[PDB]
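Below you will find one chain, with nothing else, as structure tokens; this is the form deposited in one PDB entry, and questions on how it binds or moves follow later.
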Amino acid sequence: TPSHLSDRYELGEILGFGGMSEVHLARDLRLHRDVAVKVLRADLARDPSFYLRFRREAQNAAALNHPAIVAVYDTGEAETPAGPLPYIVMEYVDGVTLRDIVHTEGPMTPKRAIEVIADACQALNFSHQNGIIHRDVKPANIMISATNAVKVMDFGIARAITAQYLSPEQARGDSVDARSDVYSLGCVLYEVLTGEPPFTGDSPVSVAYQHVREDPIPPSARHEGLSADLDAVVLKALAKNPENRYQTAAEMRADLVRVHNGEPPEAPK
């Protein structure tokens, strides 16, 4: 990992290293600005059709342009001993994923919470109208800027038209669409509120099963200060039946902005 990709993007700190890539905080030497570069796990997973998933992820996010969605600025690959090293240059978000905020602060204030996810909705609704589906919406792919701004960031598994956060439909290879993301955000909205996903399981299958077989314990019954009006929103988006939940993410937001003010949720039960 040449601390100087293509001789232009000076690598610095390490913002994170998963099981596929290593994201570094870099310096664009030409534009004198800080950027976040994503590097395909130094060849350890660069020979297979994995490079495709990477190239097609850079371009699947490059197709979108919205504040809440991390922008892509450039792609490429630098040459190194073992071969090509595909990198992606994104906007830098000095922040924290929600996975973190829910780990060192516990649950978010209902209103704080409502606020975030409503912004996340705005990003997905856009992503949708542009024919992109983020098949991977989880607390670890939504970031909170150092100025409390929301950023949605992982498209590695997104297709243009760890299952604690997957939809029944997406559980199997079934129908995965707009509403799937809608169902996912419902889990996030749920964790940021209780401090946990609607369903916990010792093994993946027990969880999947729970998603498509058990009603999500109402938020109120799971945590303190929870407006049974907020329950109406959470449990709606978590409805096992696509048709019975919000059809668009803007429709979900609409019912979040409602609760945020003081209005009645146009959600049932």
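Under this definition, the rigid core comprises the largest set of C-alpha atoms superposing within 1.5 Å between the forms. Don't overthink the numbering: it's just position in the shown sequence, from 1.
- Message: Can you tell me how many deposited residues have no coordinates between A82 and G83? The categories are none, 1 to 3, 4 to 9, and 10 or more.
- Response: In the record, the chain runs straight from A82 to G83 with none unmodelled.
- Query: If you average the CA temperature factors over each stretch, which comes out higher, 169 to 177 or 189 to 197?
  - Reply: 169 to 177 has the higher mean C-alpha B-factor.
- Please work out which of 108 to 116 and 140 to 148 has the higher mean CA B-factor as recorded in the PDB entry. Between 108 to 116 and 140 to 148, it is 108 to 116.
- Item | Residue with maximal Cα B-factor (values as given in the PDB entry) among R33, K38, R46, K236 | That would be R46, according to the entry.
- When the CA B-factors of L98, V182, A163, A71 are compared as recorded in the entry, which is the largest? Of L98, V182, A163, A71, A163 has the highest C-alpha B-factor.
- Chain thirds of CA B-factor: placement of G18: Its C-alpha B-factor, which the entry lists for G18, ranks in the middle third among residues of this chain.
- Query: Which third of the chain does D28 land in by C-alpha B-factor: lowest, middle or highest?
  - Reply: According to the entry, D28 has a C-alpha B-factor in the chain's lowest third.
- Item | Ranked C-alpha temperature factor of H134 among modelled chain residues, by third | Middle third - that is where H134 ends up once the chain's C-alpha B-factors are sorted.
- Compare the C-alpha B factor of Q59 with those of the other modelled residues in its chain, then answer lowest, middle or highest third. According to the entry, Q59 has a C-alpha B-factor in the chain's middle third.
- Task: State the tercile, meaning the lowest, middle or highest third, of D154 with respect to the CA B-factors recorded for its chain.
- Result: CA B-factor rank for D154: middle third.
Keep in mind that the form deposited in another entry is missing from the display, and what follows is about it.
- Could you check which of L226, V212, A42, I217 shows a C-alpha shift of 2 Å or more between the shown form and the other one after a rigid core superposition? Between the two forms, the residue that moves is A42.
- Item | Shift of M20 between the shown form and the other one at or above 2 Å (CA, core fit) | It does shift by 2 Å or more.
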